[PDB]
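Note that the protein sequences, when read in sequence, are chains B, C and A.
Offset between the first sequence (1-based) and the entry's author numbering: plus 6.
Offset between the second sequence (1-based) and the entry's author numbering: plus 6.
Offset between the third sequence (1-based) and the entry's author numbering: plus 6.
We put the beta carbon where it would ideally sit given N, CA and C, even for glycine.
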Amino acid sequence: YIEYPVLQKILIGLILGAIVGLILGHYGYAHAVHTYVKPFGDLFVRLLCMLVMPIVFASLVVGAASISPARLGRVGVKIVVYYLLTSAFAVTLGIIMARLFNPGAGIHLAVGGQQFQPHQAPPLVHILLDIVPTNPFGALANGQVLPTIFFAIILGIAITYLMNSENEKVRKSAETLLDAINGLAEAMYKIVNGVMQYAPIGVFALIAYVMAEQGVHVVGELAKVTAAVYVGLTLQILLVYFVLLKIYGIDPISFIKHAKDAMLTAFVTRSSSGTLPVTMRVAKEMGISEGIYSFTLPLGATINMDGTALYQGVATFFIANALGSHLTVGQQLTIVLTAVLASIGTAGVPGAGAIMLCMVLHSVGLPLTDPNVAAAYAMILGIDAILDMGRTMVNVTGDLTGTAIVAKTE
Amino acid sequence: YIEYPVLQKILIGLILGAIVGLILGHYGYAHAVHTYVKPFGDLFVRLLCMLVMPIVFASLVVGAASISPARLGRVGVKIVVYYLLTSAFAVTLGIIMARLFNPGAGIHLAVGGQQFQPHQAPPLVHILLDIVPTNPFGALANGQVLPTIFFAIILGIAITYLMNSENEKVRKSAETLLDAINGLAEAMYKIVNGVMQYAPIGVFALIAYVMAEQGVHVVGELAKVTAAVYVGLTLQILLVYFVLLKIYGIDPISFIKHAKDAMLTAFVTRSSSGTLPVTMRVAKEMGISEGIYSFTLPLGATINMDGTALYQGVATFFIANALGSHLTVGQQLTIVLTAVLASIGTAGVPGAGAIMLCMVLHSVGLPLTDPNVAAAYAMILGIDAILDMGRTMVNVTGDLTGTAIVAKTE
Amino acid sequence: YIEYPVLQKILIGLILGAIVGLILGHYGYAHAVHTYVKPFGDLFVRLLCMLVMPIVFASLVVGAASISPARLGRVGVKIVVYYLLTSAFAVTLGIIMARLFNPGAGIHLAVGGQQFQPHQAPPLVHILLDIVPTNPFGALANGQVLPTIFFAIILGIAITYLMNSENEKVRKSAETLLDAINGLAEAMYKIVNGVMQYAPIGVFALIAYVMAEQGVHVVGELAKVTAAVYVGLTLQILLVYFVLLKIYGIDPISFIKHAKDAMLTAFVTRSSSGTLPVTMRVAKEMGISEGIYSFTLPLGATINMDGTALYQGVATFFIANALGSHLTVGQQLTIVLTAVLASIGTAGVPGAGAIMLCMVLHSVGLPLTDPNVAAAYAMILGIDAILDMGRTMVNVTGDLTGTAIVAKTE
Ligand SMILES: [Hg+2]
Ligand SMILES: [Hg+2]
Ligand SMILES: [Hg+2]
Ligand SMILES: [Tl+]
Ligand SMILES: [Tl+]
Ligand SMILES: [Tl+]
Ligand SMILES: [Tl+]
Ligand SMILES: [Tl+]
Ligand SMILES: [Tl+]
């Protein structure tokens with residue numbers, strides 16, 4: 007009988023938890039929480055960490071397959087590096103937000119009561135090589151995202167080159183195989199949506215605990231995050247888009263007035279994928295060639311998830327300082343390196359950035375299995391339902407603003 | 007040149023072993039056995055444990071795919087829960103047999119000379135979550151059937167939902183991918199048959215050892231098992247079928263006289279799969295609609311393996327008490343929970359229930375790799391060639407008796 | 007801008023390294039090498055060891071699929087065992103070369119400064135069973151080639167039997183699934199070629215180090231290898247081919263004069279695969295039936311890589327004695343057992359035998375991860391670009407000489 011609009015359904019869990027949390031935050035100790043409540047939350051998270059691999063894998067082989075040079079027209083080539091570098095400065099800005107805002111510093115948690123100290127990172131030499139799977143499956147089997155990616159990529163590539171062969175039996179193999187991976191990719195997504203319906207019961211149990219414990223000083227950071235994001239966000243639109251809108255003689259203001267229908271749909275639908283109908287509709291509405299938006303719009307909804315890139319860029323810096331940890335340059339550049347190759351997986355749905363987070367964590371040697379991290383992420387996940395809104399509303403903006411740029415360039 | 011009818015071929019190994027065992031049971035110590043003989047047996051078992059995963063996996067994703075709601079007509083819906091609950095009480099009865107018969111108590115073995123004590127089971131909290139793979143591959147890679155299942159299922163589901171999409175490229179992906187898994191599924195089966203031809207040389211080496219050692223007090227349990235089964239079995243037909251045959255105004259006695267051809271073929275062919283021709287033949291023979299038996303008969307031959315459910319239900323209780331172990335309620339209900347989701351894999355062939363056993367073992371934390379268990383299962387496997395006969399002859403009965411019930415209901 | 011003909015491109019790295027090595031072999035200690043140079047080499051090797059599994063797997067399931075009895079005409083049957091036994095004596099000869107030549111004895115290396123002593127090999131009993139994967143994935147995940155093979159094979163088989171079924175849905179499954187594996191298989195190959203373009207930068211860094219260290223006494227073995235090979239090689243042609251050419255009343259000398267175009271193309275192209283056009287051209291040129299060379303030539307270019315079989319047969323014996331190790335009979339027969347089931351994978355491309363080497367190593371418990379082995383293989387790999395030439399030129403010869411033999415037999 008649970009049919010309600012997801013977003014509220016969650017916001018229902020979200021606003022109602024806080025209180026039931028804080029009201030149980032004074033009276034019956036948070037331990038009842040800890041034993042009767044958390045058990046429902048984690049399942050959630052676990053239900054996510056579950057997917058991370060297949061979807062880190064499948065997604066990126068297929069990801070690569072779309073981008074694979076030059077199984078793309080010079081029209082893509084143009085738009086491609088738009089996306090890269092708009093996704094690239096996106097996070098550059100995420101750090102800026104996260105270097106002027108320090109949410110998590112002043113929350114620092116002891117977990118079980120023990121502070122966390124990271125395991126030593128191997129000589130820069132090794133770390134390189136370590137990207138090269140010693141053995142695909144053996145790497146794939148257990149964590150080690152650094153290679154998992156590397157590989158899957160090189161596959162995607164190799165694959166595109168197989169459809170371009172003399173032999174037909176061969177030319178074929180690719181198609182199928184590839185296809186099959188894809189869909190695995192897809193299935194994921196749909197479990198994601200299945201998950202994002204336990205998401206209400208979920209988000210409730212998690213945050214309630216984080217409010218039950220940590221007192222209330224928490225929300226101060228939580229809205230301090232929300233800030234760091236939106237304020238990053240809205241500024242991104244001004245600093246990058248409006249900046250490049252005029253740089254090809256397109257009126258930025260009007261552009262928005264057109265995209266006003268689609269964006270303020272993305273805001274509330276959060277599905278960069280299911281909101282394709284709306285997107286391509288506005289496309290022609292503002293005078294874009296069929297043969298141009300028919301290709302970019304179905305590609306940027308997936309890749310160039312510039313909004314995600316930031317989210318992580320920031321979310322990262324929340325987590326680290328919540329452990330009271332300092333992020334060493336080398337991994338500061340990793341965050342992004344990752345955070346980008348992250349958004350090449352995503353297809354732009356509900357949980358999206360959340361799961362990736364893990365991914366960016368795991369790469370930077372912050373194993374979730376570690377309770378410190380665990381209880382911290384746990385927060386960000388709760389609220390993710392919110393940040394997600396604006397995030398996906400910008401992912402979308404980012405896609406049209408490329409489209410119009412290559413339609414004028416075209 | 008080894009061409010002989012499998013069943014005899016085995017019974018040949020089976021009856022001839024016992025003697026050559028017991029005759030070597032008095033004279034040249036069983037150690038010669040242990041060093042020249044067992045080495046051939048185990049290979050067998052190993053040849054089985056080998057398959058368990060793929061076939062625990064492939065089978066259940068595809069399993070799910072057939073059942074996936076509502077990628078089935080309301081005609082299935084009806085028959086579905088017949089099967090469930092006839093498979094469900096089936097094992098309920100298996101426990102009854104195994105609580106009035108206690109085969110294994112009075113055989114209790116020391117293995118290397120050390121008794122076995124089970125590893126502590128995690129707090130009921132964890133055990134739940136532990137069903138959610140932390141990471142598919144990483145779980146899939148090594149045991150942990152509890153999740154392997156959970157997952158594969160949720161996949162099967164997700165998959166059916168992919169063929170029901172707007173996008174065609176998508177609608178496709180499912181089909182193929184799915185397909186491909188399926189066939190992996192199938193291949194298994196055919197190696198199974200390839201195995202069940204080493205089965206003669208196999209069953210010989212195993213039991214001979216168990217007769218070489220353990221003296222003879224063993225057969226007392228072995229025929230005490232055979233009992234517990236058949237007597238469960240024949241009674242199942244009376245207590246359930248004849249019970250529900252009349253409960254829709256169908257004459258049970260006649261029904262049998264019709265099914266008399268097909269069942270007494272299943273008894274001897276043991277292939278719930280290859281015996282489909284015979285099944286559907288009798289179907290119309292007793293007045294069943296084409297559009298009704300064309301769907302149930304090709305589905306119940308695979309799922310609703312009620313005979314299997316018991317076999318395990320019982321086999322379980324043999325093993326445990328052969329170690330001198332007591333089966334805690336919580337895992338007593340697991341056996342079944344499992345034993346059912348077991349028979350959703352199986353396609354109904356030779357080794358069938360045997361392999362699953364492992365599956366139900368592994369779930370209930372009884373690692374075969376442990377010699378105690380190892381030598382015990384080892385027995386059940388030998389004789390499985392027999393119990394199998396009646397077992398598959400009932401699996402079949404169970405399928406027609408549903409069919410006629412929904413054809414009258416229809 | 008790196009476009010140059012691969013072979014030179016490498017020989018360029020190869021001849022130029024030696025010197026820059028030896029010149030840095032007297033002056034600035036080899037340690038600069040060790041810290042600025044090796045790091046580039048290994049990557050290479052790592053880039054290979056990476057592939058070994060998929061391609062050990064995919065290749066052999068599909069391998070099996072071609073050979074699977076009797077999903078082949080009695081025309082294959084004939085040619086099949088030609089290939090087997092020409093691949094079989096091939097290596098028999100490889101040992102002969104490697105028992106009269108002892109390259110590596112007189113190079114013996116201390117690695118870090120510690121000699122290597124192999125881990126004890128389990129009782130011959132276990133080792134057998136150990137071929138039967140305890141669990142496919144779990145084996146597949148981490149090394150254990152002995153089973154990986156065994157399994158994949160039994161699959162290939164099982165698969166062919168699935169396309170020969172009553173059920174169509176089934177008949178299908180096989181096709182796709184199979185296909186899909188295949189192509190994975192293929193992709194590999196193409197990354198191989200992608201690798202064999204870092205191969206110049208690669209082969210440079212590796213050998214330079216091995217010249218930087220070990221002084222120069224090395225080349226003495228390196229050309230002593232080159233010897234052991236070519237001299238094995240050219241003799242193989244005389245001892246086997248010319249021997250069996252006349253044994254069916256075909257003139258060996260002429261045969262060569264015909265194959266003179268194709269072989270001396272294989273020598274320089276090293277691609278048993280891309281050189282199929284040339285092969286089948288000469289086929290009719292020397293009077294071979296369309297319906298005969300259309301089947302053997304596209305099968306022997308892949309299987310019956312008799313040249314490979316030797317390479318390893320020998321390469322093995324280089325490595326072992328470079329560690330100062332003695333190769334126990336039981337594993338001496340393994341080398342081959344392997345080395346053959348090796349060449350059933352390969353499709354006959356650039357790196358080919360190199361990677362397999364690993365495979366034959368891993369089986370004979372010589373983990374590359376061990377630096378001793380590591381620095382040694384490392385040599386063989388460098389020069390492999392050379393030996394490869396003759397090797398593939400004979401693989402090819404081996405294929406026509408079967409073809410003509412079954413065309414006369416036919
Ligand atoms: Hg995660
Ligand atoms: Hg098992
Ligand atoms: Hg290797
Ligand atoms: Tl986007
Ligand atoms: Tl994406
Ligand atoms: Tl059945
Ligand atoms: Tl089944
Ligand atoms: Tl060849
Ligand atoms: Tl091959």
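- Within the same chain, and ignoring the five residues on either side of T407 of chain A in sequence, the residues whose Cβ sits closer than 6 Å to its Cβ are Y247.
- Residue nearest to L134 of chain B within the set A:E172, A:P45, A:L168, A:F143 is A:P45 (criterion: CA-CA distance).
- With a threshold of 7 Å, the Cβ atom of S279 of chain B does not count as near ligand 5, since no heavy atom of the ligand is closer than that.
- Note that the region 11-31 of chain A touches the region 194-209 of chain A; at least 3 beta-carbon pairs, one per stretch, sit closer than 8 Å.
- Burial is judged here by how many other beta carbons sit within 10 angstroms of a residue's own beta carbon; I25 of chain A has fewer than 16 and is exposed.
- When the Cα atoms are used, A164 of chain C and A272 of chain B turn out to be separated by approximately 25 Å.
- If you check the C-beta of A353 of chain A against ligand 9, you find a heavy atom less than 7 Å away.
- According to the DSSP assignment, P109 of chain C belongs to the beta strand (DSSP E) that extends over 109-112.
- As for any alpha helix (DSSP H) of minimum length 4 sitting wholly inside the region 325-351 of chain A, the runs are 338-349, ordered along the chain.
- Using a C-beta cut-off of 8 Å, the region 38-55 of chain A makes contact with the region 129-147 of chain B, since at least three inter-stretch Cβ pairs fall below that distance.
- With the criterion set as a beta carbon lying under 9 Å from some beta carbon of chain A, the members of the region 148-168 of chain B are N148, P153, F157, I160, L161, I163, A164, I165, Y167, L168, in sequence order.
- In this structure, the C-beta of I165 of chain A stays at least 7 Å away from each heavy atom of ligand 9.
- In the same chain as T166 of chain C, and ignoring 5 residues on each side of it, the C-beta atoms closer than 7 Å to its own belong to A71, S74, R77, in chain order.
- Around the C-beta of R80 of chain B, fewer than 16 other C-beta atoms lie within 10 Å, and the residue is accordingly described as exposed.
- Taking the Cα of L250 of chain A as reference, the smallest distance to any Cα among A:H32, A:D394, A:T409 is reached at A:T409.
- Taken in chain order, the members of the region 186-207 of chain B whose beta-carbon sits within less than 7 Å of a beta-carbon on chain A are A186.
- Inclusion of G110 of chain B and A326 of chain B in the CB contact set at 8 Å is warranted, their separation being smaller than that value.
- Ligand 8 has no heavy atom closer than 7 Å to the beta-carbon of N188 of chain C.
- For ligand 8, no non-hydrogen atom lies closer than 7 Å to the CB of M365 of chain C.
- A distance below 8 Å separates the beta carbons of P356 of chain A and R276 of chain A.
- Ligand 7 approaches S349 of chain C closely enough that one of its heavy atoms is under 7 Å from the residue's Cβ.
- Look at the region 294-327 of chain B and you find no whole run of beta strand (DSSP E) that is 3 residues long or longer.
- Relative to ligand 5, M311 of chain B has its C-beta within less than 7 Å of a heavy atom.
- Annotated as proximal: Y89 of chain A and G306 of chain A, with beta-carbon spacing under 8 Å.
- No heavy atom of ligand 5 is found nearer than 7 Å to the CB of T302 of chain B.
- For the set B:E291, B:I386, B:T398, the Cα lying nearest the Cα of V224 of chain B is the one of B:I386.
- The beta carbons of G23 of chain B and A229 of chain B sit no closer together than 8 Å.
- The region 355-374 of chain B makes contact with the region 302-318 of chain B, as at least three CB pairs between them are under 8 Å.
- With a cutoff of 8 Å on beta-carbon distance, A193 of chain A and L168 of chain B are scored as near each other.
- Within the region 36-56 of chain C, the residues whose Cβ lies closer than 7 Å to any Cβ of chain A are, in chain order, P45, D48, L49, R52, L53, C55, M56.
- Shortest Cα-Cα distance from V222 of chain C to any of C:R177, C:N108, C:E291, C:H32 involves C:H32.
- Judged by beta-carbon spacing, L190 of chain A lies within the 8 Å limit of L183 of chain B, meaning their Cβ atoms are closer than that value.
- Not a single CB atom of chain C sits nearer than 8 Å to the CB of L316 of chain B.
- In the structure shown, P128 of chain C adopts coil according to DSSP, grouped into three states.
- Pairing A381 of chain B with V216 of chain B gives a Cβ-Cβ distance under 8 Å.
- Note on geometry: alpha-carbon atoms of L99 of chain C and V201 of chain C lie some 31 Å from one another.
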